Amino acid sequence: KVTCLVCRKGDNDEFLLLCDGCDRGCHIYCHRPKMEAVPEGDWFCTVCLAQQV
Ligand SMILES: [Zn+2]
Ligand SMILES: [Zn+2]
């Protein structure tokens, strides 16, 4: 039950980032600014970035 915040589909899961703060995701091809690959190390969605201080 993992979907992309931008386009609201959950296909091409090999291109699908997973937030390490929660259970949301993003296709790398939907992300702006540009993202050429899935990174090693942690990625945080914009909802989790709002919780930062
Ligand atoms: Zn997408
Ligand atoms: Zn998150």
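If you want the deposited numbering, it's the 1-based position in the sequence shown plus 1675. A virtual CB, placed ideally from N, CA and C, is assigned to each residue, including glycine.
Take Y1704 as the anchor and find which of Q1727, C1720, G1696 and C1682 has the nearest alpha-carbon. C1682
inquiry  = Can you tell me whether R1699 sits near ligand 2, meaning its C-beta is under 7 Å from at least one heavy atom of the ligand?
reply    = yes
Delimiting residues of the beta strand (DSSP E) encompassing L1692:
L1691 to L1693
Spatially closest choice to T1721 from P1708, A1712 and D1686, by CA coordinates
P1708
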